[PDB]
Amino acid sequence: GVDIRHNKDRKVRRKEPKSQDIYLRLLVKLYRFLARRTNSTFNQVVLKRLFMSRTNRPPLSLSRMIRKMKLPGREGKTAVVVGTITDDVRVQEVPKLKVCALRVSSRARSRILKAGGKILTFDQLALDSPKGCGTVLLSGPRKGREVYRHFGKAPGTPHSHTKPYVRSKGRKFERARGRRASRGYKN
Amino acid sequence: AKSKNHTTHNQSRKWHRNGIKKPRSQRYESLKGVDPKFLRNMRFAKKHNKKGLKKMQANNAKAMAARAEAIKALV
Amino acid sequence: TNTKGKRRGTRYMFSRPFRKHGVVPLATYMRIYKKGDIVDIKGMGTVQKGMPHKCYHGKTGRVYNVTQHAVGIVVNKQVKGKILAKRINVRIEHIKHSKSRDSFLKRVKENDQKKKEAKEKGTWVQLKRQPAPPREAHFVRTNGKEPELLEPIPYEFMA
Amino acid sequence: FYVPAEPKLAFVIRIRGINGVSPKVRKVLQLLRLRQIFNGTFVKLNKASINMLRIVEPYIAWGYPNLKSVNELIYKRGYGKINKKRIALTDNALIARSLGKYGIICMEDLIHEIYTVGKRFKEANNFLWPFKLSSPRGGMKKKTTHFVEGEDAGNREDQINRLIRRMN
Amino acid sequence: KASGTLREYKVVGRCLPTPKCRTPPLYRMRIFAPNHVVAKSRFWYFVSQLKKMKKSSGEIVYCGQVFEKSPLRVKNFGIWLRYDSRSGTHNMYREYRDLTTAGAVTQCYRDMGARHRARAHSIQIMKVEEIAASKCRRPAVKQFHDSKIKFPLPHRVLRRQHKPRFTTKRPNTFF
RNA sequence: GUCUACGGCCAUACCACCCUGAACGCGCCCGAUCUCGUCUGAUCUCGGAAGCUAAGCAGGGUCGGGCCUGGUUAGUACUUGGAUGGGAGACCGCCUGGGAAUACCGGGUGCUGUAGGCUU
RNA sequence: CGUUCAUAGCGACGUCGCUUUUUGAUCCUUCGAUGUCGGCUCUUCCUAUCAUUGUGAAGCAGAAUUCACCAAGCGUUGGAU
RNA sequence: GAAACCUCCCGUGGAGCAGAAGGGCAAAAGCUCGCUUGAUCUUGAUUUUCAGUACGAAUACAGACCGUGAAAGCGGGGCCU
RNA sequence: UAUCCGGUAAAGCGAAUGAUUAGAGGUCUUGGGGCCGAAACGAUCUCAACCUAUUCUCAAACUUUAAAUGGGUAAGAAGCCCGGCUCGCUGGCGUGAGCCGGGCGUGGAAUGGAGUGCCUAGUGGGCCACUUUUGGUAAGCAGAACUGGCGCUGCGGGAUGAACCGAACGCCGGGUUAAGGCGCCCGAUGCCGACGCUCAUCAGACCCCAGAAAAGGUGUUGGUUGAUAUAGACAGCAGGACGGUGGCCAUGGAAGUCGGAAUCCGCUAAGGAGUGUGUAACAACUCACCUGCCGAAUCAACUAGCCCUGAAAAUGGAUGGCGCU
RNA sequence: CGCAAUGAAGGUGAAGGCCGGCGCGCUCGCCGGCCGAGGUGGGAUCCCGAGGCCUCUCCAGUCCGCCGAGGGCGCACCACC
Ligand SMILES: [Mg+2]
Ligand SMILES: [Mg+2]
Ligand SMILES: [Mg+2]
Ligand SMILES: [Mg+2]
Ligand SMILES: [Mg+2]
Ligand SMILES: [Mg+2]
Ligand SMILES: [Mg+2]
Ligand SMILES: [Mg+2]
Ligand SMILES: [Mg+2]
Ligand SMILES: [Mg+2]
Ligand SMILES: [Mg+2]
Ligand SMILES: [Mg+2]
Ligand SMILES: [Mg+2]
Ligand SMILES: [Mg+2]
Ligand SMILES: [Mg+2]
Ligand SMILES: [Mg+2]
Ligand SMILES: [Mg+2]
Ligand SMILES: [Mg+2]
Ligand SMILES: [Mg+2]
């Protein structure tokens, strides 16, 4: 008899993508290979991200991709995003970029290409740079989802600012006993 | 039909399954609950740090030049 | 079921020791705590304004705030399964500087002395501590006189 | 009189099982890597270490190993910890690969680091996977009582070597 | 303590030196035990009682087995005890007749178990002294002090009862 | 050597009685016009400077009490961990480490910071 | 106490036990039910022996007797309320 | 007169401090005077019960307007529970 | 390794609080009762409370002391050390805080990959053991602490068994163990095992556990302490047991003898102002000191081992059984 | 439904910086230019890279790597301002 807890012996990370789609799965076959045979950890990070959920690979807006490449020095590079590239209607002038993405929305595609931008697929990125050399690996804001505003220290727990799940906002949906001082108390 | 009234029997065990973790220390803790009169004044001090910038930058350049003269004298 | 009262069971804790009642002698008040001073809390009966709760007596923690005549002081209090770092506003009279940290600072100062010197020399010196090692080989001279014999003594009933 | 040095190093065998064992003991027993019954480890002695053995006394038999004991344990049951896989020290290419950054490049070097308790003891001793020894041939005296008082537990100093031979 | 057959051990030790007491006095004992390991322990037990001195506070200097200097002489040993009864603690003076001190103390430990159901850990041996023909107070010893000693081995009951487990011959016990 | 003013730690500094105190201080001391306050110039407040160390104060003394600190008490009482140890129980012994408290007997009996005197 | 005599028979103040034919404690079992008092009838066991056999004791002269031992073989009844 | 009032001495609190008890308290936290309304107006922070929600109770501040004191200060109820 | 916290065990009561024994000392106070006093701190006692040293014995809701086990912190890069700026705070000047800019690396042992977020079921009757512990005569009773069990869990041992001891299970071969054993049931002593103890007309025979105490016993075995005796004892039989003396108190009779204060001398070889028997009371009898014989050890009081008495239940019966000396 | 909140409501409704000038730069008011979602610490990852390390010789010497001390841009995310 041995004393170990077998409690957290199984690591819960993903191995493959849970999706069954065939084009992504080909990318996975390609980046598994590169991951293992190259020294590049870029390939490993990319590989890891191909297995993740929709939630877990959030969309990267065009404006966010602009400003991250506006940063000093990462000039004449390629931005990479395992998610999708979306438009920003609240940005106007779009520099000529180099981009990798699993998806780019039709607007975002036009705007970039009109600028003299190049768009790449991930099979194309590999041939272009199999060890991820000269890349900017970005990500969309993970904690964008409105979901997260309900997460945390519960509402009605002093110093929480945590959206309650409520049928409809309005004068008479919550905001009585436990928010006003006038009505019982407040947190 | 009287019960058991209270105990703490299996509780230490229960607590230590998942550790009894020490409270996660960060650097840069908040200034929540600090004497208001202080906080006003450090806020104002922070407000005007950009005033007295041009002086400060020059002073560091003069320091950097003095360091470069010292390292040249050493070598 | 016991009473939840604040001062329950502090008959002995908050009670000035034997022949140390009366005026809180003045050093106590007139010594300075900054931010981040390590400070051990020890409630006192004479001063009842700003007393800590019986749970924080004995406990050490760091100063975070300093008001006119008190000191905010983060201390860790365990609660069944979870340790809660929490911030309490003790009046000075219930608080000393904890020396626990100073012996450390003494050692780091001594290290900085022993790092500056022994750099130009070249001989590197033991900066880390080391636990008490087994007590080495050595001779014991039974100088002239032989060993003293110890017979165990015969029992007898005294009372 | 010549009072020789108090010993540096001691072998520590876990001599009772893994049921109904106090939490303070249990923790120390898994700070000596003595998880299974009849696992053993070398252990350098000092005020800290010795007292940890004091807190687990009726759970272990231990004492001061011979030279031969260190050889027999290392050669017959010498297993590296090599990428967290218990692997038998079949060649020095294994020892070197791991401990060669300390000047330890062979089984022999290892034995000298363990036995003299060198600078690099911690790293050579941790490299060794804890020694899975068999049951004590010829049996024990009494599991539950101390050596001094007839049993097997506790410090038996010189006599840990007899036990080693009947288990290794 | 337990047993087997004991060995006299000499164990000398000292409360280890300090600033205040630079060269402390050595204390020696006669500690009968199956092995040095428990000898040293037994040394510490006796010293703790007598002197303010513990295993932490001291160092054993010289533990060493002590050999009977006249093994092949038959001797008479006086041995003074200090046992624990179920009731109060006692003193005795036992006498044994043996070739050795060790043998004579071993002999004692067995007797005490027999005659008083006294277990090792209860018994304190204080002095063991070899003794003349005279100064022997116990008649169980005294009967063997005689030049022309003469006795038979009368009803010589057999062993080897299972060499022939079965046999024709009823045995013999006269010799 | 020592004092005064403001002190820190608060009896090794307290209490009792006894002796001795140069100089400068500190006092007691002599007054109530004014300030101030009392039933009362006792205290308090104020203006003094003839006396005196009697007292306070200091320094010392006592096979002094007290306090402070060692020994002893004692590896005793207690105690962490151990056993298919004992014992009808009550309790006890061992192993493993930790370890006190009176009575009794010694020694000690304020140290010192800042500012200013005096012994020129 | 027993004239006298602690102990033939007793036995205060104290103390140590056994017993489960008293009553309590307790609530483990049974609430998809174990028929709830007494008497009648019948068998068997126990002994902590009333009698009967064999015996030790006496404050046993005899008679009557209580005290104790072996001992449960055999008995231990008829009625009024 | 054992007890009225006055006076001298000793007095570590053996009294008193609304109430239970515990703590605390002596040129006070007691008693006696003088002046008073901090038991007033207003944000948050924190403690205690705690789930670390409420209530009550409390702690440190901060901003007003006052009180009192030569002043330093103390005071937003009751020495603390 | 440093450093704080503590008021439980113990200890203490010639330290506080409360309890409490005894005598010394004290007209402290004063008394109430006396005896000798008219009365008198006069003399003599006394008991009350108080006090001066001592003294006996105590405390969950007392304590001057004060453990063990125990709870905080700390043991470095978020750290040190320089340079300069910001402030409506603080202020003789200075603080203190916040900012920039440089300069310096393992800072006790042992071990281990860490962090972090979402959904979330069952559960919310518990029980058992060590130790601590409250109520109760106690309980296989009721109630807490601490750890570990059982519940959820098989396996070896404990005959049998929730929970004891050992040990924790994928399916199998070889080896070795634990706790337990080894007459036969039943794997192993079919050892030329070692040394003792003990005979029971109720023997005894292994944690939890299934059963006995006080008190006894020249039963036997050990101790401890004291004797004794050649100035030849010790028992075993044989010879005397007196006088001063109806001693004194007690008369109801105690000249040794219901009881009690006494309690010595003579003769002495030596006999107690008497161990008992018994007497109304004597008497009479009986119980040292010494010899005669015999011929070496003798005898007392404790103590602890086994054994025995103490020891009584109902179907016939259980060291598990058979049995065992 | 989402892309805007917050207030009981009448309603209001997410930009800041810098520079130069003009009003007294008054840490306030008005006029021209430039940048345009702030900063600290940690951050997978990219980027630069002294310097090795050899090549069958003594040096020259572009090409290719391997490592890389040191230094940078810093996603997401977290904590703080
Ligand atoms: Mg599992
Ligand atoms: Mg319940
Ligand atoms: Mg055990
Ligand atoms: Mg006057
Ligand atoms: Mg004077
Ligand atoms: Mg004088
Ligand atoms: Mg003195
Ligand atoms: Mg009578
Ligand atoms: Mg019943
Ligand atoms: Mg039926
Ligand atoms: Mg009978
Ligand atoms: Mg008041
Ligand atoms: Mg205010
Ligand atoms: Mg308590
Ligand atoms: Mg106690
Ligand atoms: Mg339920
Ligand atoms: Mg129940
Ligand atoms: Mg269940
Ligand atoms: Mg177990």
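Counting begins at 1 with the first residue displayed.
According to its header, this structure was worked out by electron microscopy, 9.1 Å.
Including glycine, each Cβ sits where the backbone N, Cα and C put it.
Swiss-Prot has this to say about the protein:
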type	residues	note
MOD_RES	B:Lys4	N6-methyllysine
MOD_RES	B:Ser30	phosphoserine
MOD_RES	B:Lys32	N6-acetyllysine
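In this view, the residue listed as 'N6-methyllysine' is surrounded by 6 other Cβ atoms within 10 Å of its Cβ, with every protein chain counted. A sphere of 10 angstroms centred on the C-beta of the residue listed as 'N6-acetyllysine' encloses 9 other C-beta atoms. B:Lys4 (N6-methyllysine) sits 45 Å from the residue listed as 'phosphoserine', taking the C-alpha atoms as the reference points.
In the shown protein chains, 8 other C-beta atoms lie within 10 A of the C-beta of B:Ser30 (phosphoserine).
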